[PDB]
Each structure stands twice: as C-alpha cells, then as structure tokens.
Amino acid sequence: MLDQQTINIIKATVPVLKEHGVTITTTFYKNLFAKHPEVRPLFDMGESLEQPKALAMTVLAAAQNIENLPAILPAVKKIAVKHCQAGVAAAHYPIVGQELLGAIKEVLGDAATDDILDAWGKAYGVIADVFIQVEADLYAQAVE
C-alpha cells in the first residue's frame, strides 16, 4: 500500500485541487480527447461528445478517503456498472491517470514538485485498482 508521506501529500493537497476543480476537469477532458482519440467512442452519445463532468472530481473525493476506501464503495459500484456497460478496460486507466496528472501539474504550477506528482500518481493507481477489480468481477459475473 501507500506510505505515510504519500498519504500526507494527498490529504494536504487534495483541498487545493478541489478549489481549482473547474480547471482540473476541463484540462483533463481537453487533453484526454485530443491525445487519445481511441477513447472518444466510449463517450459518444445518441450531439457533442459527453464529458461526465464528475470523473476527475470523483478521483479527488476517493483520494480524500484514501485511508478508508471501503466507504466509497456504494458510489464505486454504481460507477463500475456504467463503466462495464460502456466498455471500460483496465488498460484505459493509465491513460486517464496520465491526463489527470497533467491537469494536476497545470493547477499546482510552482507547487508541482516531483514528489507531489509522484504521490498523486501512486494514489490514482490505488484508486484505479479498486475500480479495475470491481469491474473485473462485474464482467465475470455477466457470463455466469
């Protein structure tokens, strides 16, 4: 699991990121859709591409609860169902992580040291691992 200084950075910095949420969210989606065209179809409705505006902010909310992730399971389970419906794969998670971290770097500016960015990368990984595992079991559940 995560070490203590990692958690401290997360707990210490997540309120900063939340305060600049609109920049995180919009930079995230701008870069996600531009740099990774292959994921655009999963967001295609039906007529502009959908941007589930709570995606990045929900990562931040999970990070707030990083020491008690079971507490967010009712939300995770509901999101997992939409993910499995949409076709989200474990291999997508590093792409979302990359663009989330790019958004975080933009917001933190000067305060964006390597250790703080590394901490957020580690935290995202742990959060992503929860969804991946829950969706893996949902996918397996579907062909019973």
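The term rigid core refers to the most C-alpha atoms you can superpose between the two forms while keeping them within 1.5 Å. All residue numbers refer to positions in the sequence shown, first residue = 1.
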Of 51 to 59 and 110 to 118, the one with the larger RMS C-alpha deviation from the shown form in 4 other deposited structures of this protein, core-superposed, is 51 to 59
Quick one: is residue 86 left out in at least a third of the other entries we compared? no
Can you tell me whether residue 41 lacks a model in a third or more of the other compared entries? no
None, 1 to 3, 4 to 9, or 10 or more: how many residues of the deposited sequence lack coordinates between residue 46 and residue 47? 1 to 3
Between 59 to 67 and 110 to 118 (mean CA B-factor, as deposited), the higher: 110 to 118
If you average the Cα B factors in the entry, which is higher, 101 to 109 or 74 to 82? 101 to 109
Hey, what third does residue 35 fall into on Cα B-factor, ranked over its chain? middle
Residue 127: C-alpha B-factor third of its chain, per the entry, is the lowest
